[PDB]
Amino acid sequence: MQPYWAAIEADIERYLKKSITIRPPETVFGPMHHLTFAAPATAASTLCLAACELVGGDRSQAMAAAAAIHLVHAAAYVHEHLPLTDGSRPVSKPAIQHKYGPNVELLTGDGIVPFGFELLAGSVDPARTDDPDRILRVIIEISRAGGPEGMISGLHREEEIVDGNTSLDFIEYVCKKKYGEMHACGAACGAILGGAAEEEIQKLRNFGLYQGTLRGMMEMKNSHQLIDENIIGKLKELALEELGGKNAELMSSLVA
């Protein structure tokens, strides 16, 4: 619970800082580093490791993946904050600070994303024999959740939210697409790398979907305030219902 999700955010942050080493040229990695860690953590990575240990796997087995997921999140987070001149992207009041410039952020975001797969492909232990198929599947899962049918898709629609005049049904979708898909991907991957069977992988995959859709739903509440509870309930019900001990009923701590 409390300090468990901590050792997780830590073991992940550590693995990232051990992998993104500022060096020549400090102009490239100077940003690649700052932006990778300047991005808020995403529950998706946490959920990735948690799911692994749940199915019985060793945390490290899904560390490259969890790292891969934060990178994709990070890269996307940066890009959704780039200042645009044509005003095609509505101005989000939570204006984050920009150390580096628009050209360096954009390119760094394009550098971070592939680094995730590098780590993945580059973490295949040739001594282990299921490592190949399990990672190839995870690369599919991750790239597919960060692609045009997933995250990208949520980022796009989000720009259609008029605030004071946008139903909750719509927002949930944007949240399902912006976070849900990624979180789904998260638990799903943690289970695959874990060695879980199709039965579990799916169940953990559904939980994540609802889990991520609920989390980002919480993010949204901040701004517009049609903060219904008949939606927070529906989701957690379906989330919990997707659980047929602790780790087996701890994932249900984010829905309380």
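What we label the rigid core is the largest C-alpha set whose atoms superpose within 1.5 Å from one form to the other. Numbers for residues come from their place in the sequence shown, where the first is 1.
Asks: Core-superposed in 6 other deposited structures of this protein, which stretch deviates more in Cα positions, 131-139 or 162-170?
Replies: After superposing on the rigid core, the more displaced stretch in 6 other deposited structures of this protein is 162-170.
Asks: Is 119-127 or 94-102 the stretch whose C-alphas end up farther from this model in 6 other deposited structures of this protein after a rigid core fit?
Replies: Result of the core-fitted comparison in 6 other deposited structures of this protein: 94-102 deviates more.
Asks: Between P25 and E26, how many residues of the deposited sequence have no coordinates in this entry: none, 1 to 3, 4 to 9, or 10 or more?
Replies: Missing in between: none.
Asks: Which of the two stretches, 194-202 or 214-222, shows the higher mean Cα temperature factor in the record?
Replies: Stretch with the greater average CA B-factor: 214-222.
Asks: Comparing average C-alpha B factors as deposited, tell me which of 58-66 and 224-232 sits higher.
Replies: Higher mean C-alpha B-factor in the PDB entry: 224-232.
Asks: Out of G109, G150, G122, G87, whose C-alpha atom has the biggest B factor in the entry?
Replies: Largest recorded C-alpha B-factor: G87.
Asks: From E118, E141, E172, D163, pick the one with the largest CA B-factor in the entry?
Replies: Highest CA B-factor of the listed options: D163.
Asks: Among the modelled residues of this chain, does the Cα B factor of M182 put it in the lowest, middle or highest third?
Replies: Middle third of the chain for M182's C-alpha B-factor.
Asks: Sort the modelled residues of this chain by their C-alpha B factor and say whether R134 lands in the lowest, middle or highest third.
Replies: Tercile = middle for this residue's CA B-factor.
Asks: Relative to the other modelled residues in the chain, which third contains the C-alpha temperature factor of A127: lowest, middle or highest?
Replies: Its C-alpha B-factor belongs to the highest third of this chain's values.
Asks: Quick one: classify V91 as lowest, middle or highest third of the chain based on its Cα B-factor.
Replies: Within its chain, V91 is a highest-third residue by C-alpha B-factor, going by the deposited values.
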